[PDB]
Amino acid sequence: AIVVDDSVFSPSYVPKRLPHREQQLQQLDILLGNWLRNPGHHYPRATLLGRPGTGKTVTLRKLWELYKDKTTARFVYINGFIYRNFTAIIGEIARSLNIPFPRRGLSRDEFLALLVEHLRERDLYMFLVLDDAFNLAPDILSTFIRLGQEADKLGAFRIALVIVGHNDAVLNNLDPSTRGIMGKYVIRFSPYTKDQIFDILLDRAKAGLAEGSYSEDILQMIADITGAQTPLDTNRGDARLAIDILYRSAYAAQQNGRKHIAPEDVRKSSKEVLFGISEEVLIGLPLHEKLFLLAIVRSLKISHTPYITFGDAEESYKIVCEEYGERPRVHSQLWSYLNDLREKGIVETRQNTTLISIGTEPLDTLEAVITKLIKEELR
Ligand SMILES: Nc1ncnc2c1ncn2[C@@H]1O[C@H](COP(=O)(O)OP(=O)(O)O)[C@@H](O)[C@H]1O
Ligand SMILES: [Mg+2]
């Protein structure tokens with residue numbers, strides 16, 4: 001089998017190391033460590049911000065894992081995707097803290113009072129995480145933000161609070177006072193780059209797949225599909241997606257009776273979770289850019305290899321041109337076509353020296369659509 005340990009691919013797996021998150025984990029340690037060792041002398045609070053898949057939840061889980069046996073605090077994890085209103089959240093806090101509810105229906109204030117009484121009378125210390133807190137109404141978020149400041153009612157600073165959002169809107173939608181408590185304890189998780197995605201995936205492959213079933217080039221292909229090139233490219237950089245594609249590709253290969261992941265397993269897996277290549281964006285390419293994309297498609301079909309060289313594509317492109325009765329454009333022109341296809345997300349390139357891959361669309365179907373379009377233009 002290719003897949004030797006599938007738990008290494010589930011959402012809940014917490015890897016041994018978190019490459020590229022050493023800084024955020026350190027920051028968290030700095031905000032929380034003293035209080036976890038000796039709680040109740042000040043109110044620790046942080047806000048973790050970053051797009052989906054930038055390691056916010058995993059980083060926080062790793063922090064807990066390091067302190068789990070070295071603290072009296074209770075880790076009360078609240079997934080804001082699931083528990084959104086006051087009643088749902090206080091109920092999950094109460095369950096996590098074993099606080100029995102009364103027979104009578106309680107008001108919002110009664111509930112908070114009950115939670116304060118239990119924290120105080122049982123001398124408890126809660127590390128409360130409100131994950132994906134953009135899901136809550138701002139008034140709920142403020143209630144919990146303000147609770148940790150009430151040391152005289154609590155008896156100590158009994159609450160350390162981490163809240164998690166995608167961007168600054170989770171804080172900006174708070175009233176000014178409330179915003180005052182959390183601002184400047186902000187830890188930012190930027191979209192992962194291609195190289196960082198690769199390092200994450202290599203760890204997963206080493207832990208979860210058979211030795212020799214995956215190559216560095218295959219992981220690089222998936223990282224080229226998912227990693228952010230520049231940090232403002234916030235629609236990429238998602239490690240969840242990258243790991244999901246790796247696992248889907250390993251399984252596709254295995255189910256087909258193969259021992260090694262091939263480029264087509266990645267393309268098909270990528271298309272199940274991502275937008276593939278738009279026919280609309282193909283139609284608009286100039287003729288020779290279509291022919292050059294057809295050429296890259298033909299070389300990659302022949303190579304069975306994630307990447308082909310620019311020289312390969314150009315030799316393929318001369319053959320393609322003569323088939324379709326066209327004279328081939330010159331090297332520098334092909335170079336600009338490659339630049340444009342890369343800018344549009346149609347192809348991915350990496351330096352060796354230039355390597356080209358098509359990771360987002362199965363080649364048999366791309367090849368058919370591009371051929372159709374060329375045939376129509378040359379009809
Ligand atoms: N730096 C990393 N190293 C290893 N695995 C990571 C890293 N960052 C994220 N992951 C994995 O990527 C996936 C998404 O991470 P996650 O913490 O769930 O993201 P977020 O809350 O930012 O949306 C999970 O499977 C997580 O374990
Ligand atoms: Mg998360």
# chains A, B, ... in the order shown; residues from 1 in each chain; ligands from 1
call {"tool": "closest_atom_pairs", "arguments": {"of": "chain A", "to": "ligand 2", "cutoff": "7 Å", "atoms": "only C-alpha atoms and all ligand atoms", "output": "Markdown table"}}
result
| residue | atom | partner | partner_atom_place_in_ligand_line | distance |
| --- | --- | --- | --- | --- |
| A:52 | CA | ligand 2 | 1 (Mg) | 6.8 |
| A:53 | CA | ligand 2 | 1 (Mg) | 6.9 |
| A:55 | CA | ligand 2 | 1 (Mg) | 6.8 |
| A:56 | CA | ligand 2 | 1 (Mg) | 5.4 |
| A:57 | CA | ligand 2 | 1 (Mg) | 4.1 |
| A:131 | CA | ligand 2 | 1 (Mg) | 6.6 |
| A:132 | CA | ligand 2 | 1 (Mg) | 6.5 |
call {"tool": "residues_near_ligand", "arguments": {"ligand": "ligand 1", "cutoff": "10 Å", "atoms": "only C-alpha atoms and all ligand atoms", "output": "ChimeraX atom specification"}}
result
/A:8-22,24,48-62,131-132,164-166,189-192,196-197,199-204,237-244
call {"tool": "atom_distance", "arguments": {"atom1": "CA of residue 224 (chain A)", "atom2": "CA of residue 194 (chain A)"}}
result
5.8 Å
call {"tool": "closest_residue", "arguments": {"among": "A:93, A:300, A:120, A:76", "to": "residue 152 (chain A)", "atoms": "only C-alpha atoms"}}
result
A:120
call {"tool": "atom_distance", "arguments": {"atom1": "CA of residue 335 (chain A)", "atom2": "CA of residue 292 (chain A)"}}
result
10.0 Å
